[PDB]
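Fold and geometry: a report
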2 protein chains.
Amino acid sequence: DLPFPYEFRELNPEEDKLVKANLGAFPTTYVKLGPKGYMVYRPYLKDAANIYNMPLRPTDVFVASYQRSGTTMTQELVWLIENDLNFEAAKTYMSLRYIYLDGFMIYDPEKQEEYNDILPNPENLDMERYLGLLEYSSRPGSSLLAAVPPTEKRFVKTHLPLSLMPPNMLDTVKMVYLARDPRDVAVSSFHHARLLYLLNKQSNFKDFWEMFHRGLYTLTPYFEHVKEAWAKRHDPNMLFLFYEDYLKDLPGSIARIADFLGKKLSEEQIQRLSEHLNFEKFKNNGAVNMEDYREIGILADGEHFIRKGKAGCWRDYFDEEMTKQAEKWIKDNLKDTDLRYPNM
Amino acid sequence: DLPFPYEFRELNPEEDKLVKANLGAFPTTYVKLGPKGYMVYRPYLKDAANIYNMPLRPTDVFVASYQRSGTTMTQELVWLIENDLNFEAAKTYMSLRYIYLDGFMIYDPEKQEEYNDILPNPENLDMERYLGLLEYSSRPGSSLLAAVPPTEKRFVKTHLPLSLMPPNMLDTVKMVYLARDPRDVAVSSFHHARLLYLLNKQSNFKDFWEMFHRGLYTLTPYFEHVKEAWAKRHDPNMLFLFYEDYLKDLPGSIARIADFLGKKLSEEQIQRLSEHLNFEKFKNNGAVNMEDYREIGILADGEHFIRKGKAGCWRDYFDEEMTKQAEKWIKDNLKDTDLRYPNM
Ligand SMILES: Nc1ncnc2c1ncn2[C@@H]1O[C@H](COP(=O)(O)O)[C@@H](OP(=O)(O)O)[C@H]1O
Ligand SMILES: Nc1ncnc2c1ncn2[C@@H]1O[C@H](COP(=O)(O)O)[C@@H](OP(=O)(O)O)[C@H]1O
Ligand SMILES: C=C/C(C)=C/C=C/C(C)=C/C=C1/C(C)=CCCC1(C)C
Ligand SMILES: C=C/C(C)=C/C=C/C(C)=C/C=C1/C(C)=CCCC1(C)C
Ligand code: EMC
Ligand code: EMC
Ligand SMILES: [Ca+2]
Ligand SMILES: [Ca+2]
């Protein structure tokens, strides 16, 4: 089908210099993709044309976001709602209930030898499990979707911009997109990078923040990602939510999601769903916390997939100079647009 | 203690007219200092009596050269050998491992305002770091030296001749001194003057060669400088080496340095050390290439601190007339004296 309208470019000397300083140890390298220069991992290229042209189905539900914005929460909510609050069945791994469309791009099979070198103890891994993970990461995302039979509802996870996917997809599919204060996404993302060993242990959050707001982290530029989803926010098949609202009004956001998915929830059902997403409960939920991975040996001490679950904790990481920089960056990107974060 | 025995003179209308045509744009002016007429940036005067009288220490090691003769290599070899080949600890910046005795002199704080005018793009300066550099450059060398505590070994870099430093210093301290073919020193120096923006964009190598062999560039007259180190060549505490030898027999030179500093390196330790001074490897060594300065905004496009790393390349810059002129100049300073270069 349709030709892939995008070129890619390597990073120039300065961009390369910066990324290499913070993510250099990590074997997978980046490429800037399309006219907005979205950072993708190089393995993304083999499947770029396939995702653009992926066959979609009227029962597909997508959960989208720049990473670390509230995907996991939403996924759980959306899945339970569509599955008639069947909690019992929701106990299987998220990873097995959703397809992670663009999760594949992080691993380059040409460099299999290199990824355990990033771990403190390569000699502790569970190799049956770890090699299974590497094999799964090898299958492009488009194949995983396609694999799913038409009598099974597809639940899709993705951190992809809309312009890397079929345009007019919202003609066919429903999507919930999450956004979140960039400054908090920066901190969450920094830690997540620490979690998987994506970042050089000698780098610090400032460094990360540089890479981030300047548009040289995974799937940035940040505001372009969000701006795409914001511009389709009134489409009956699109639902634009802020992480912060989950904290302010969890009952209220649930009711919105059910309304979106064409479902009636009774006050109590929403309440039961509200208790379910309680941070401490969720955090110690085996089905959603990827603590299955820790057993494998690929998660760092200290870090966790479900971390603190608060809004505004960026003030704890940003210094005076950093705080001004962020204010000018958010100021410039919200100039001449109606996008507002309810927090600020 | 001890009065500074040297007088200083302004340049005459002649000398001035020439210097002025080649380096006029650069704020700092020169003075000829002492009976041999060493060119020194005016700001050198305020510290000259102090360097001449500076307290010295048994464990002090000095690396000395007329600039662009192989200081940087020598510093790295000496540093590593002294620190029991701890290649890790040497990953800090050379600037922080050595104190550049006379580095201060190129900046006159009275003309702070004038130094960013010489840049193509002053508006892209990193002010914090650039003002940081200016400030550091205002500290007399003698003071930086004095501040190193007695139980830290003092590594000194300098381009001063011996007569401007304590007489009899070689009773107390070791010095490695590097000499190099003047014609190559001229070319490296021309490019170096280009790197920092010292030289007028409209001047060329010929104009520069005029200044240099005539005794009207930084720290010339060239031959008087070398001759000084050469007469102390047999002193137990002086090690006179030629740049050309580092290319001819690097292992051989590393062994000589090693022995000078009092170490018995094994064949292999010398190998490890030579691989380390591999030109491409050195050039890309963040700790010695000064490319950290490029992000500040103070180096020129085109130029690099570690450039070509080759002997005999002056034949590419000298014309017929310049070559002969040079043949005559070199012969005249080597008349009645046992100083010979390996190259010629
Ligand atoms: N039930 C919940 N309630 C509130 N926040 C949750 C949550 N489950 C996960 N989170 C948080 O959402 C962020 C991850 O979002 P995503 O799923 O898009 O990666 C993590 O943020 P923090 O790192 O800021 O704590 C995490 O702690
Ligand atoms: N590892 C190395 N091997 C050979 N030459 C080196 C080197 N590191 C620096 N140099 C060279 O030594 C010269 C500078 O000397 P100094 O360190 O005293 O400034 C420069 O010469 P060229 O400009 O001729 O290339 C430079 O390229
Ligand atoms: C939103 C982010 C999530 C859930 C990220 C996790 C991603 C995965 C599956 C990472 C996996 C890896 C795997 C499976 C193997 C080697 C390295 C690496 C750490 C890149
Ligand atoms: C052998 C020469 C070396 C390594 C020279 C480096 C010199 C320095 C410290 C140069 C710095 C400058 C600084 C810091 C500021 C304004 C102008 C100027 C170019 C004179
Ligand atoms: C601003 C409270 Hg985390
Ligand atoms: C002798 C030519 Hg570099
Ligand atoms: Ca390995
Ligand atoms: Ca100015």
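Looking at the entry header, you'll see X-ray crystallography listed as the method and 2.75 Å as the resolution.

Naming follows the PDB entry, where chain A appears as retinol dehydratase of Spodoptera frugiperda. Here is the UniProt Sequence similarities (unreviewed entry) comment for chain A, exactly as written: "Belongs to the sulfotransferase 1 family."

Details of the overall build of chain A
When you go through chain A residue by residue, the secondary structure sums to 15 helices and 8 strands. Computed over the C-alpha atoms, the radius of gyration of chain A is 19 Å, within 12% of the 20 Å expected from 2.2 N^0.38 for a compact globule of 344 residues.

Comments concerning the sheet that holds strand β5 (residues 99-100) of chain A
Residues and elements named next belong to chain A. With respect to topology, 5 strands assemble into an open sheet ordered β5-β6-β4-β7-β8, the strand pairing being parallel. Each of the sheet's edge strands pairs with one partner strand only, and the pair in question is β5 and β8 (238-242). In this sheet, strand β6 (residues 155-158) lies alongside β5 in parallel orientation, the contact comprising 2 bridges. Bridging from a neighbouring strand, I99 pairs with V156 of β6. On top of the sheet, helix α3 (residues 71-82) reaches β4 (61-65), β6 and β7 (174-179); it is set at about 165° to β4, its chief contact. Contacts from helix α11 (residues 250-260) reach β7 and β8, with the element oriented near 170° to β8.

Observations regarding the site of ligand 1
Residue and element names in this part refer to chain A. Surveying the vicinity of ligand 1 reveals 16 residues, the closest of which are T71, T72, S188, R307 and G309. Side-chain polar atom of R180 to an oxygen atom of ligand 1: 2.8 Å apart, as the coordinates give it. At the level of elements, α3 and α13 (279-283) are the ones that each hand at least two residues to the shell around ligand 1. The dominant element in the shell around ligand 1, judged by the number of residues it contributes, is α3, at 3 residues. For the shell around ligand 1, the per-class residue count stands at 6 nonpolar, 6 polar and 4 charged.

Things to note about the coordination of the calcium ion (ligand 7)
Geometry sets the ideal angles at a metal, namely 109.5 degrees for four tetrahedral donors and 90 or 180 degrees for six octahedral donors. Surrounding the calcium ion (ligand 7) are the protein donor atoms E113(A) (O), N116(A) (OD1) and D117(A) (OD), which sit 2.3 to 2.7 Å from the metal. The buried category is assigned to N116(A), whose relative accessible area is 18%.

Considering the site of ligand 2
Residue and element names in this part refer to chain B. Taken together, 17 residues surround ligand 2, and among them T71, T72, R180, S188 and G309 come closest. A distance of 2.7 Å is found between an oxygen atom of ligand 2 and a side-chain nitrogen or oxygen belonging to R180. At a separation of 2.9 Å, a nitrogen atom of ligand 2 approaches a polar side-chain atom of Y243. Protein coverage of the free-state accessible area of ligand 2, which is 570 Å², stands at 97%. When residues of the shell around ligand 2 are traced back to their parent elements, those giving at least two are α3 (71-82) and α13 (279-283). Ranked by residue count, the leading element in the shell around ligand 2 is α3, at 3 residues. Of the residues in the shell around ligand 2, the class split is 7 nonpolar, 6 polar and 4 charged.

With respect to the packing of aromatic side chains
All names here are of chain B. The tally for this structure, following the rule as stated, stands at 65 aromatic pairs over all chains. Both rings, one in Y222 and one in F223, keep their centres 5.0 Å apart while their planes meet at 75°; by these two values the pair is edge-to-face. Over the ring of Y243 we find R180; its NZ or CZ atom is 4.0 Å from the centre of that ring.

Remarks on the pattern of salt bridges
Any two side chains of opposite charge can pair, given that their charged atoms come close. Enumeration according to the criterion identifies 34 salt bridges over all chains in this entry. Between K328(B) and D332(B) there is a salt bridge; the shortest N-O distance is 3.1 Å. One end of the pair, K328(B), and the other, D332(B), are both in helix α15 (residues 320-334), 4 residues apart, so they sit about a helical turn from each other. Look at the salt bridges and you will find they share partners, linking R9(A), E15(A) and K32(A) into a network.

Looking at the environment of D117(B)
Along the chain, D117(B) turns up in the loop between β5 (99-100) and α5 (127-137). For the pair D117(B) and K281(B), spaced 164 residues apart in the sequence, the C-alpha separation amounts to 34 Å.

Notes on the coordination of the calcium ion (ligand 8)
Residue and element names in this part refer to chain B. Taken together, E113 (O), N116 (OD1) and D117 (OD) make up the protein donors of the calcium ion (ligand 8), found 2.5 to 2.6 Å from the metal. Every donor residue of the calcium ion (ligand 8) comes from the same chain, spaced as E-x2-N-D. On the basis of relative accessible area, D117 is assigned to the exposed category, the value being 58%.

Points about the UniProt feature "binding site: Ca(2+) 2" (unreviewed entry) in chain A
The sites that UniProt annotates as "binding site: Ca(2+) 2" (unreviewed entry) are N116(A) and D117(A). For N116(A), the contacting residues outside a window of four places in its chain are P122(A), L125(A) and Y130(A).

Thoughts on the environment of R9(A)
Residue and element names in this part refer to chain A. Positionally, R9 belongs in strand β1 (residues 8-9). Residues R9 and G37, 28 residues apart in the sequence, show an inter-C-alpha distance of 8.2 Å. Among all residues touching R9, those that are not within four sequence positions of it are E15, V31 and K32. Here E15 takes part through its side chain, which lies 3.3 Å from a polar atom of the side chain of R9.

Considering unusual backbone geometry
All names here are of chain A. Residue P221 is reached from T220 by a cis peptide bond, and omega for that bond is 0°. If you trace the backbone, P221 turns up in the loop between α8 (205-213) and α9 (222-230). Within the chain, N168 stands out as a residue other than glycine whose phi angle is a positive 60°. Its location among the elements puts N168 in the loop between β6 and β7. Assessed through its relative accessible area of 54%, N168 is described here as exposed.

Side note on helix α9 (residues 222-231) of chain B
Burial runs high along α9(B): 7 of the 10 residues are buried. For α9(B), the full list of buried residues reads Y222(B), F223(B), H225(B), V226(B), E228(B), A229(B) and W230(B).

Remarks on the UniProt feature "domain: Sulfotransferase" (unreviewed entry) in chain A
Under the local residue numbering, the UniProt record ascribes the feature "domain: Sulfotransferase" (unreviewed entry) to residues 58-337 of chain A. Secondary structure within residues 58-337 of chain A divides into 43% helix and 8% strand; the distance between the first and last C-alpha atoms comes to 32 Å.

Quick look at the sheet that holds strand β3 (residues 38-41) of chain A
Strand pairing in a sheet relies on backbone hydrogen bonds. The paired strands run either parallel or antiparallel. All names here are of chain A. Read from one edge to the other, the open sheet built from 3 strands follows the order β1-β2-β3, with strand pairing classed as antiparallel. Only two strands of the sheet have a single partner each, and these edge strands are β1 and β3. Across 2 bridges, the pairing between β1 and strand β2 (residues 30-33) is antiparallel. Looking across to β2, one finds that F8 is bridged to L33.

Criteria and cut-off values
- Residues numbered from 1 in each chain as written, not as in the entry; some residues may be left out.
- Chains lettered and ligands numbered in written order.
- Heavy atoms only, no water.
- Residues with missing side-chain atoms left out of burial classes, pairs and counts.
- UniProt positions renumbered as here; feature names shortened; annotations may be inferred.
- Helix = DSSP H or I, 4+ residues; strand = E, 2+ residues; numbered from the N terminus.
- Rg over C-alpha atoms; globule rule 2.2 N^0.38 Å.
- Pairing = 2+ DSSP bridges.
- Contact = heavy atoms within 4.5 Å.
- Axes fitted to C-alpha atoms, helices over the stretch in contact; angles between N-to-C directions.
- Near = heavy atom within 4 Å.
- Polar contact = N/O pair within 3.5 Å; in protein donor to acceptor, adjacent residues only side chain to side chain.
- Nonpolar A, V, L, I, M, F, W, Y, C, P; charged D, E, K, R; others polar.
- Donors = N, O, S within 2.8 Å, 3.2 Å for Na, K, Ca; no water.
- Buried < 20%, exposed > 50% of the residue type's maximum accessible area, 1.4 Å probe, protein only.
- Areas by Shrake-Rupley, 256 points an atom, 1.4 Å probe, with all protein chains shown as cover.
- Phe/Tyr/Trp six-rings, centres within 6.5 Å; stacked < 30°, edge-to-face > 60°.
- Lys NZ or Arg CZ within 6 Å of the ring centre and 35° of its normal.
- Salt bridge = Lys/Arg side-chain N within 4 Å of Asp/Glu carboxyl O.

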